[PDB]
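Asker: Pasting a structure here, questions to come.
There are 4 protein chains.
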Amino acid sequence: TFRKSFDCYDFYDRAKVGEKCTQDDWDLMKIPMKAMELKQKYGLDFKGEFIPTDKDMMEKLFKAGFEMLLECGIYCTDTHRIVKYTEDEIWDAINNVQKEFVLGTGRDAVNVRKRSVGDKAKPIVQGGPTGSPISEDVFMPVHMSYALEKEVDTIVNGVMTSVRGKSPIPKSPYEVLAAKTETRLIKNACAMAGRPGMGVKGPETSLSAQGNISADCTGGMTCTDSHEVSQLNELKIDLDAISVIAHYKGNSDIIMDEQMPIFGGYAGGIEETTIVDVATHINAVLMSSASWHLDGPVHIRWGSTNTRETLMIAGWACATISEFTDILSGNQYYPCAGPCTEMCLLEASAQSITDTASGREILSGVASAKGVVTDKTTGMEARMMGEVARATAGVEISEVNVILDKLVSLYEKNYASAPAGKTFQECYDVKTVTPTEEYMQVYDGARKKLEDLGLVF
Amino acid sequence: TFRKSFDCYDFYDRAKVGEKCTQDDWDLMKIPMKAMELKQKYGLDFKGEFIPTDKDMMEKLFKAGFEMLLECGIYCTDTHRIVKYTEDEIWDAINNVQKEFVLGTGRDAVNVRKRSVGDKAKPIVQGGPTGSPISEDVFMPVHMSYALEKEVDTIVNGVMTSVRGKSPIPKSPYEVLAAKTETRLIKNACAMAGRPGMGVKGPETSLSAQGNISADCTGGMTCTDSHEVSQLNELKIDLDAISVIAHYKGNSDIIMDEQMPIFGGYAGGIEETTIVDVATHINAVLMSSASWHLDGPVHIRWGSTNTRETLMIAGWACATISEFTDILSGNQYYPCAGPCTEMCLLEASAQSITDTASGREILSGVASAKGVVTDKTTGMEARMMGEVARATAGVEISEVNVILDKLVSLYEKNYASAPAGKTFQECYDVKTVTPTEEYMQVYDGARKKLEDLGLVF
Amino acid sequence: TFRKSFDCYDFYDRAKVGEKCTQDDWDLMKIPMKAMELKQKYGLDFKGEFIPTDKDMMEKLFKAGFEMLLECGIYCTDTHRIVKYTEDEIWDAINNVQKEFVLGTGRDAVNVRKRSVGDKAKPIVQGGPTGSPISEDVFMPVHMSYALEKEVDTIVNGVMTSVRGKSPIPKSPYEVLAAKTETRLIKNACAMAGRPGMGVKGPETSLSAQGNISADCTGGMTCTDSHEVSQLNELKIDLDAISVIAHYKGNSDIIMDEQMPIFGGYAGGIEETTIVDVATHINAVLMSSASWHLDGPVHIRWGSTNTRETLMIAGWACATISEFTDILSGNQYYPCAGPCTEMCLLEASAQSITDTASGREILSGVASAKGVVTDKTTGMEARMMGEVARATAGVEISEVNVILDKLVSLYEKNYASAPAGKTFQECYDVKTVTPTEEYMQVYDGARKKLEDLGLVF
Amino acid sequence: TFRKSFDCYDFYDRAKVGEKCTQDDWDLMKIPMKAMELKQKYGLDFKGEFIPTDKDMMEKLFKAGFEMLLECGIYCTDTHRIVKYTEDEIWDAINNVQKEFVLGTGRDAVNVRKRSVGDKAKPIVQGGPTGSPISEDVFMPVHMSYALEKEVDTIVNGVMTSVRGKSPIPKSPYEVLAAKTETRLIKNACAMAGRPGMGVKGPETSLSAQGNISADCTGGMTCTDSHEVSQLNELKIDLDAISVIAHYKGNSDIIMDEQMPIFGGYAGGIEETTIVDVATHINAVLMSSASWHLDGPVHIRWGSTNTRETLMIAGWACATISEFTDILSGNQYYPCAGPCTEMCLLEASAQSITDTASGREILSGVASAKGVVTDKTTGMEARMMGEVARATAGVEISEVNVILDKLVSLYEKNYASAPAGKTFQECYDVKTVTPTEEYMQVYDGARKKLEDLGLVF
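Residue numbers (the authors' numbering), protein chains in the order written: chain A, 2 to 458; chain B, 2 to 458; chain C, 2 to 458; chain D, 2 to 458.
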């Protein structure tokens with residue numbers, strides 16, 4: 002049996018005396034070799050499906066992901082050593098995951114419960130700039146564009162480009178100011194939208210451990226909000242995250258562990274990256290004591306989470322995690338196209354279909370324009386994400402796979418030429434926080450194309 | 002698509018520039034014409050049933066109610082203009098209704114979840130004077146008579162005839178005093194009954210917007226209580242309610258939108274008034290951002306909610322709302338007879354059977370003696386309401402319809418001669434808050450008659 | 002003796018059956034006649050002094066103010082009737098006034114205690130837009146300009162020109178939204194300035210009773226903030242204020258009763274208007290159950306609180322109230338000149354000297370540009386108000402009177418040509434919320450002139 | 002005038018572009034040169050006095066300290082640059098210091114108000130291990146030894162040698178665990194002593210910025226506790242402290258800025274080190290927005306705060322700060338001798354006399370055995386500190402100076418041979434947390450010697 006249930010403290014202890022190893026040995030050898038080995042060992046082949054129905058192939062994928070975590074362990078960048086788990090420790094973690102939890106407070110609180118593959122229930126819609134840079138003078142208006150949408154249940158925080166006119170430089174007092182201010186302003190935006198108790202997800206503007214740890218505060222982030230801790234790539238972590246985890250646990254905060262496996266990255270292709278994804282979903286409840294895990298498979302070249310390959314990785318990982326565990330999870334949205342464009346909406350729609358049908362509990366989006374362009378994220382994208390989620394709920398997986406193949410085909414040849422789109426200021430009346438007729442027309446066009454594919458809103 | 006999810010602010014904006022129209026054009030033409038038109042268009046015919054089983058007829062009723070709201074809109078009395086919704090705005094509201102919520106706190110809190118037609122689950126029992134006038138010196142004792150009944154889950158507030166010996170005149174400081182005091186005293190009554198955390202529903206003594214808005218206070222109403230906002234008759238509203246809604250939303254309060262369609266009123270007969278009822282259930286989650294909607298079809302002549310016609314209206318409206326939406330709702334009780342009489346108990350029993358079987362989530366009663374006679378409401382009526390709800394849960398709808406026809410026949414010829422009944426002081430030991438042997442005997446008699454009809458307690 | 006301590010409820014009761022009287026009989030006869038009568042009866046003559054030292058003249062003024070309230074009573078506009086107090090009721094109120102109280106919370110809380118004439122202690126500095134119209138997009142930045150000044154202790158709220166891009170029209174849902182939002186945003190501005198617990202004074206954007214009553218809310222106004230209720234002119238009140246008082250009392254809120262007697266108004270000249278001022282200070286703790294009273298004598302023509310006459314009225318009223326009662330009070334600032342001008346600073350400085358030396362507990366300013374010009378109020382004016390207060394503390398009254406005569410002479414000939422000044426956006430770096438070199442130079446110039454008059458900062 | 006009141010954000014901004022300078026240029030030239038220059042310029046000579054009475058010499062010392070801060074500025078170790086203040090910025094800070102504040106909650110809360118030199122009022126007694134290492138298994142018992150003493154008002158936290166059996170290594174998750182646990186355990190110890198609401202001072206076990214920032218938590222440190230931020234030596238600071246300050250301000254926490262000038266350090270001798278001390282007291286309310294400042298002059302050789310020189314530095318600095326400012330402060334205790342020895346008690350007694358008579362508001366001790374020996378700190382030392390404070394209150398300064406000269410002479414020849422003393426476990430019944438007869442006898446002996454010197458308990 003195991004000594005004690007594994008936690009961040011045990012991780013630190015082991016990371017100081019684990020097997021010494023260079024990061025290159027890890028990224029260029031250990032990880033890719035194991036993924037390659039397990040893929041062949043279990044004969045994994047997704048056969049072009051976005052969401053699996055073959056229980057035997059799914060069981061093999063689960064065993065592969067479990068075995069990968071068990072045989073590889075986790076690389077700690079700070080100590081250049083490997084932390085290894087035992088089989089019993091892993092099962093203790095998987096066998097005791099958080100069943101459900103509440104986000105938000107008052108009338109605006111929402112319950113997060115497990116959804117199965119093809120579930121008739123609709124997932125929780127977490128809408129927001131999704132970590133994208135947002136100008137200080139429109140921070141509240143931008144977030145209000147999400148709170149004003151009935152489709153949105155919780156908010157995923159954007160990043161303040163400035164606070165009191167200064168960049169929130171890591172380890173500067175401005176970073177601490179931003180970490181606290183970020184959610185204080187967002188919750189005030191929610192209140193102005195008539196939903197003071199909406200739960201949020203962050204912190205996002207802060208990057209350092211001290212910055213992230215300062216985010217819990219009066220009027221700001223509290224225990225009913227999702228607290229983010231990020232895993233590295235792949236099966237890797239830094240000590241900063243470990244201390245942040247200790248902090249979240251010590252405050253009885255809902256913990257959201259995140260990991261975004263890279264397709265074409267250190268693991269390799271589709272099946273390889275999916276084995277890693279399953280392994281990091283499991284690591285989430287082991288190393289980070291997560292309440293839920295946020296996935297986000299991203300294309301090494303396009304940097305999007307909605308390419309054919311990344312949707313397949315997410316679909317298989319989630320369907321498999323749903324079949325063999327009660328681990329709660331979500332997926333994050335990174336379209337190539339920017340706001341107010343048909344492609345952006347179709348891109349997010351493809352992922353919403355995939356995430357809803359594969360069993361995700363929470364949809365966290367949308368980081369339009371790959372989430373790196375100032376002010377290019379608006380509530381309209383979250384509205385589509387949510388409406389598409391409802392349309393997908395209950396639909397037969399066989400039909401979903403057909404729809405996905407057709408939909409993805411509508412934009413996968415245009416990644417390099419994805420439209421830049423427009424900013425919040427350009428497609429919304431900034432004062433009343435209402436989308437322009439221009440955006441509404443674009444929205445209708447996307448909706449029509451989705452309906453032609455068989456989706457019923 | 003829609004500009005933004007519709008809210009009370011959009012309503013105000015539209016009410017100032019909507020189509021000009023006299024209230025008579027609305028009540029005597031627009032509403033009755035549309036109800037008449039839609040009834041024939043869809044060939045609605047309830048064929049004497051209290052609770053429908055014909056899914057096709059129910060679908061037609063739902064479409065009729067939806068179309069009525071869409072084509073008519075809502076008349077704003079203050080501006081004498083009509084507010085119109087678009088089809089997309091209505092669906093956005095219906096597609097995103099509150100799934101569930103908690104009322105009360107601590108050990109005494111209760112979860113409110115959707116119930117289907119004929120559901121085996123028992124509805125939430127909200128017992129209280131139901132807005133009836135209660136003498137100041139027995140305000141706590143009277144409410145304690147409900148809190149002391151295990152059948153009761155939450156309390157529906159009575160009205161203070163006086164506070165500090167003065168009438169709570171609208172727009173007077175006494176109205177504000179009563180709005181705050183009302184719930185403070187009621188929650189103290191609940192505490193004396195050993196259930197300090199029981200949720201309540203109000204405010205009730207206050208009538209003006211300023212009075213209602215002052216009700217949220219320390220020790221008084223809070224976010225875990227149902228906050229009432231009233232729609233007018235029919236498909237009508239005043240600006241006072243609109244500001245009250247803005248207030249409830251701004252405080253993250255659970256919102257209970259109420260509307261009591263009048264049978265024989267501006268809409269017309271049974272099917273006509275039911276189309277209106279379906280339309281106002283939908284309007285509740287659109288205009289009022291309601292957490293749940295309180296119905297209360299009332300007979301234009303008898304002023305009761307339990308006549309054959311009003312039970313049919315409630316039964317069809319609820320069964321239909323349950324079939325096509327997840328809108329949570331309840332129904333309010335207004336018997337003709339007063340407390341300590343067999344008729345009163347049988348009247349409330351008929352509605353409890355109807356409400357439970359048709360799918361209501363909450364039963365709010367009982368306003369005995371039509372709720373207009375001082376001190377004529379006691380916990381005994383709520384006890385029957387609850388015990389009958391349990392007896393009805395799970396019973397086949399075919400059987401329920403038969404029982405209802407027989408039960409209603411036991412009193413429907415006596416509306417004009419309904420017994421006045423007695424006050425709390427006359428049928429209860431005011432000090433120990435215990436019903437008299439007299440009432441207990443009356444209670445047993447009613448219970449026996451219900452059992453003879455086939456009900457199993 | 003008296004029946005019971007007088008309160009807003011007794012006022013309502015009496016206002017419904019008091020002596021019938023037209024408003025003209027009140028404004029054009031009853032008030033001016035009594036002020037004229039009492040002025041001669043007591044031989045009041047301020048002899049050009051801003052702050053009195055003659056205890057006998059002060060005692061006569063106090064007796065005059067008391068007698069005026071006693072013999073006239075208060076006119077209720079709604080009922081067109083007069084409410085009369087008895088001598089015993091007035092003394093019961095004066096003999097039991099709030100001794101002290103705390104504003105704000107946490108590290109940022111401040112104690113408000115009585116100050117005597119010429120007190121060495123510095124008064125509390127309540128800085129803010131002082132009810133002036135502020136553009137929605139700079140609402141937080143503008144208030145932050147006050148929170149960032151160490152001279153400022155609490156914030157006096159500005160008015161939102163819009164909320165969600167719409168005017169907060171009285172009795173519209175936007176008014177309720179603004180009432181709640183106003184303080185939520187301001188406290189968030191205080192938090193960004195590193196002082197999350199600063200107390201505020203409001204509500205200000207709301208005008209109706211329902212709007213004002215909705216201001217107490219989570220994250221917004223709470224019991225540690227000053228709650229404003231306004232008396233009318235002169236010795237007059239409306240029922241709206243009476244209900245608002247009932248609400249504040251019912252929430253255990255710190256109550257700030259305000260009245261701004263008009264020089265050259267219905268009362269008459271200097272001594273006449275001062276008798277009224279003393280009477281309204283007393284009425285504050287009687288009718289409004291005030292914790293403290295906010296004065297604001299204003300010139301009928303110039304609309305400023307810092308003219309020679311209005312400073313004399315404030316000086317005498319406060320010095321007298323300080324000598325014979327423990328009623329806590331403050332004065333509000335309305336300069337003619339706008340921000341970034343030397344006159345504005347000198348105008349506010351003259352009042353700060355007067356208010357500090359005459360014994361005020363709180364200085365509430367500054368409503369630059371008479372508080373009616375959008376965005377023309379900044380923290381710089383509050384900084385001067387505070388620095389001048391410190392310079393004045395402890396200075397001999399004889400010297401203060403000389404300084405005031407000289408200072409007022411520096412601008413009293415320019416009321417009609419007072420410089421318009423500039424907006425916050427024009428004299429501050431809006432992003433970093435820092436004043437421009439331009440303003441700093443203007444500030445230095447004003448400071449030098451004050452020093453030349455004998456003030457030591 | 003100044004741009005804006007100076008804060009930690011302005012400090013960061015200036016530290017990135019200030020005058021470049023090596024740390025040696027700062028420590029070995031700039032600081033010592035200015036201290037030497039100002040000492041001669043003002044002709045400072047303490048003439049062997051512990052506490053000054055010469056107002057002219059005190060005024061010169063104040064001017065010297067002010068001028069030193071103004072002309073030197075503060076060295077930022079991270080950027081190797083100097084931050085400079087303007088005269089106006091310094092005065093704005095000094096002119097607006099926190100007047101008073103409350104520590105602790107409920108019945109156990111205490112008010113901290115300014116004390117003058119020779120004040121009859123007794124200072125607040127903050128007793129605890131004073132940052133000394135305490136074994137994990139006796140963490141609560143040790144702190145309980147202070148809470149059980151009526152002489153103690155608040156607790157100054159000790160350091161956990163381990164938490165869950167592991168060292169709280171900086172930047173490890175154990176550091177975060179310790180930061181939160183430290184106060185949670187201490188407040189539980191206070192509760193067991195019948196004083197659940199005693200305020201504390203920390204965090205102490207954590208050393209990194211992320212560790213310190215994690216200390217505010219439910220059940221742990223809150224806004225009514227003193228939050229420590231440390232200045233470096235001399236007129237120096239690191240960016241970690243700057244971010245910690247931003248955090249404390251953002252949480253509305255009471256801030257305690259600390260600086261322990263070293264006698265014989267970079268500044269030089271007595272007068273030189275005192276000029277630095279005055280400068281750092283001022284810097285506390287400027288750079289750290291401190292609520293109060295904790296001094297602690299320490300001997301470069303002996304490492305104690307109670308040597309003849311360090312007592313003189315503290316006495317002069319405090320008496321001078323008390324005379325010219327309202328800056329609240331305290332002093333920390335570091336005796337050479339360990340617990341259960343007469344020397345330790347006499348050492349702490351000498352400082353208590355000095356601190357009480359010179360005007361300190363808070364006494365924070367006692368770090369017996371120089372605070373570096375595991376478990377060698379007990380409540381008995383705090384009891385003496387407090388009883389001596391009472392004995393000193395109100396005594397003429399002339400007499401105090403005589404007593405101090407005699408008392409210090411009783412141990413100043415034994416610094417090198419100071420007795421090691423014993424641990425808590427050795428001089429207390431660990432279970433009942435009661436001192437042994439052995440300690441009581443030692444205590445009586447010290448008390449008798451103090452009485453022979455003229456002290457009256």
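Cβ atoms here follow ideal geometry from the backbone N, Cα and C, with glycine treated the same way.
1. Looking at the structure shown, is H294 (chain A) part of a helix, part of a strand, or coil, going by DSSP?
2. Please report the straight-line C-alpha distance between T155 (chain B) and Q352 (chain B), rounded to a whole angstrom.
3. In chain order, what residues of the same chain have a beta carbon less than 8 Å from the beta carbon of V177 (chain B), not counting five sequence neighbours either side?
4. In three-state DSSP terms, what is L233 (chain B)?
5. Are the beta-carbon atoms of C345 (chain B) and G422 (chain B) separated by less than 7 Å?
6. Quick one: is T281 (chain C) near chain A, going by C-beta distance under 7 Å?
7. Under 8 Å: do the region 64–79 of chain B and the region 295–308 of chain B share three or more Cβ pairs, one atom per stretch?
8. Answer yes or no: does any C-beta atom of chain A fall closer than 7 Å to that of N332 (chain C)?
9. Output the boundary residues of the alpha helix (DSSP H) element that contains residue 1 (chain D).
10. Just to check my reading of the structure: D57 (chain C) and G198 (chain C) have Cβ atoms closer than 8 Å, yes? What is that Cβ distance to the nearest angstrom?
11. Could you name each continuous alpha helix (DSSP H) segment of 4 residues or more that falls completely within the region 257–302 of chain D, going from the start of the chain to the end?
12. Measuring CB to CB, does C319 (chain C) end up less than 7 Å from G372 (chain C)?
13. Closer than 9 Å by beta-carbon distance: list the chain C residues that pair up with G251 (chain D), in chain order.
14. Is it right to say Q24 (chain B) is buried, meaning 16 or more other beta carbons lie within 10 angstroms of its own, or is it exposed?
15. In this structure, does DSSP put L70 (chain C) in helix, strand or coil?
16. Does DSSP put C22 (chain C) in a helix, in a strand, or in coil?
17. Going along chain C in order, which residues have a C-beta closer than 8 Å to the C-beta of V434 (chain A)?
18. Establish whether the CB of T182 (chain C) and some CB of chain A are separated by less than 7 Å.
19. How should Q232 (chain C) be labelled, buried or exposed, when 16 other C-beta atoms within 10 angstroms of its C-beta is the threshold for buried?
20. So, with DSSP's three-state summary, where would you put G128 (chain A)?
21. Taking only beta-carbon positions, decide if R116 (chain D) is within less than 7 Å of chain C.
22. I need the DSSP call for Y43 (chain B), collapsed to helix, strand or coil.
Answerer: According to the structure data:
1. strand
2. 18 Å
3. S207, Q211, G212 and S215
4. strand
5. yes
6. no
7. no
8. no
9. Past the boundaries of the shown model lies residue 1 (chain D); chain D is included only from 2 to 458, so the question cannot be answered.
10. Actually they are not in contact, since the Cβ atoms of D57 (chain C) and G198 (chain C) sit about 45 Å apart, beyond 8 Å.
11. 271–288
12. no
13. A192, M193, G195 and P197
14. exposed
15. helix
16. coil
17. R165 and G166
18. yes
19. buried
20. strand
21. no
22. coil
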